[PDB]
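Below, all heavy atoms of this structure are taken into account, side chains as well, without hydrogens, waters or symmetry copies. Within every chain, numbering begins at 1; the chains are lettered A, B, ... in the order of the sequence lines, protein sequences first and strands thereafter.
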Amino acid sequence: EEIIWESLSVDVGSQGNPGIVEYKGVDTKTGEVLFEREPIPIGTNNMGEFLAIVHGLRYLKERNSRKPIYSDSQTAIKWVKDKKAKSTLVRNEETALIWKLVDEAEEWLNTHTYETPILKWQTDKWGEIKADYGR
RNA sequence: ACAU
DNA sequence: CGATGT
Ligand SMILES: [K+]
Ligand SMILES: [K+]
Ligand SMILES: [Mg+2]
Ligand SMILES: [Mg+2]
């Protein structure tokens, strides 16, 4: 603790894993939805969590905001730190879209800078992250 | 085991 | 119960 309330919180929602993947970002304090990604027909939970963080980085940079990002995903936080999404999802025609988005997110990380702190939301202490889908 |  | 990840 404590929660940094001046922050952006992201989370993934899916129908199956692998399955339909979406994500959203919210104001941690107010719950206002700041962005939502159109559902992607096939992806994994961790790919979605990764895309959500990267989108948050791009969203905050475009707005000249120094707020941190919260995610509850140990995996996605590490993938962003590494600039490399180490997903096991097969590459085929069905997964082409999510893989294109992941490749492009990595490419963005490798061509841009940011100071945005990427923080672990401590679900065991604080309850569900504010961007949670409730599924 | 931990995080989803 | 299954799956994605470190
Ligand atoms: K949920
Ligand atoms: K496991
Ligand atoms: Mg999550
Ligand atoms: Mg959730």
Side-chain angles (χ1 to χ4, degrees):
Chain A
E1 299 229 16
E2 236 286 80
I3 294 163
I4 298 164
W5 290 103
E6 190 169 314
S7 61
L8 172 69
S9 292
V10 301
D11 198 16
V12 71
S14 85
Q15 299 162 237
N17 183 34
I20 300 175
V21 166
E22 63 194 322
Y23 67 75
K24 72 178 177 284
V26 311
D27 186 306
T28 301
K29 175 165 51 220
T30 66
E32 180 185 357
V33 176
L34 300 175
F35 55 81
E36 291 179 279
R37 167 67 213 197
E38 171 174 299
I40 300 156
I42 296 165
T44 67
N45 63 329
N46 294 321
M47 295 165 103
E49 298 270 20
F50 172 79
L51 293 175
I53 298 173
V54 177
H55 191 75
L57 292 171
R58 294 177 76 163
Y59 177 92
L60 293 171
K61 182 177 188 78
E62 175 69 22
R63 291 160 181 75
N64 295 315
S65 174
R66 291 173 50 83
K67 284 176 183 184
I69 295 169
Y70 277 115
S71 166
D72 66 19
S73 175
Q74 186 179 117
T75 298
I77 292 169
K78 182 181 188 294
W79 287 359
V80 173
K81 182 182 184 178
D82 295 342
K83 304 186 178 203
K84 173 51 74 172
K86 198 172 140 198
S87 177
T88 68
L89 186 65
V90 61
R91 283 187 184 259
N92 60 32
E93 209 157 84
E94 301 180 23
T95 66
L97 177 50
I98 190 102
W99 267 118
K100 181 161 189 289
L101 295 171
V102 168
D103 291 343
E104 287 170 350
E106 290 175 348
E107 177 58 27
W108 189 88
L109 294 173
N110 283 326
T111 51
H112 298 77
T113 66
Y114 65 87
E115 288 172 42
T116 306
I118 299 171
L119 307 176
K120 178 69 174 67
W121 181 262
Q122 296 178 54
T123 305
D124 58 325
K125 303 177 182 177
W126 305 339
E128 280 277 16
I129 192 163
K130 304 314 186 174
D132 184 49
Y133 277 80
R135 294 173 182 185

Is the shortest side-chain N/O distance from [X] to OP1 or OP2 of [N] below 4.0 Å?
X: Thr88(A); N: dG5(C); answer: yes
X: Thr123(A); N: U4(B); answer: yes
X: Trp79(A); N: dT6(C); answer: yes
X: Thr44(A); N: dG5(C); answer: yes

**Asked** Going by modelled atom types, is there a donor-acceptor pair between the base of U4(B) and the side chain of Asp72(A) at under 3.5 Å?
**Response**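 Side chain to base: no pair present.
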Just by modelled atom types, is the [Y] backbone N or O under 3.5 Å from a matching donor or acceptor in the [X] side chain?
X: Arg58(A); Y: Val54(A); result: no
X: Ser14(A); Y: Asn45(A); result: no
X: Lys86(A); Y: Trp79(A); result: no
X: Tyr70(A); Y: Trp5(A); result: no
X: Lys61(A); Y: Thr113(A); result: yes

**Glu94(A) CD: over 12 foreign heavy atoms closer than 6.0 Å** =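 Not buried by this count: 12 neighbours or fewer within 6.0 Å.
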Atom [atom1] of [X] to atom [atom2] of [N]: distance rounded to whole Å?
X: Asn45(A); N: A3(B); atom1: CG; atom2: P; result: 15 Å
X: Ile77(A); N: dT4(C); atom1: CD1; atom2: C1'; result: 15 Å
X: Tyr23(A); N: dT4(C); atom1: OH; atom2: P; result: 21 Å
X: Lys78(A); N: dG5(C); atom1: NZ; atom2: P; result: 13 Å
X: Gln122(A); N: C2(B); atom1: CD; atom2: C1'; result: 14 Å
X: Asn46(A); N: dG2(C); atom1: CG; atom2: P; result: 19 Å
X: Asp82(A); N: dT6(C); atom1: CG; atom2: P; result: 9 Å
X: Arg135(A); N: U4(B); atom1: CZ; atom2: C1'; result: 15 Å

**Request:** Fit a plane to each ring of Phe35(A) and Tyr23(A), take the angle between them on a 0 to 90° scale, and name the class: parallel (under 30°), tilted (30 to 60°) or perpendicular (over 60°).
**Result:**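 Perpendicular, since the angle between the ring planes exceeds 60°.
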**Prompt:** Which dot-bracket string fits RNA chain B when only Watson-Crick or G-U wobble pairs with both atom distances under 3.5 Å count, crossing pairs get [ ], and | stands for a partner on a different strand?
**Reply:** ||||
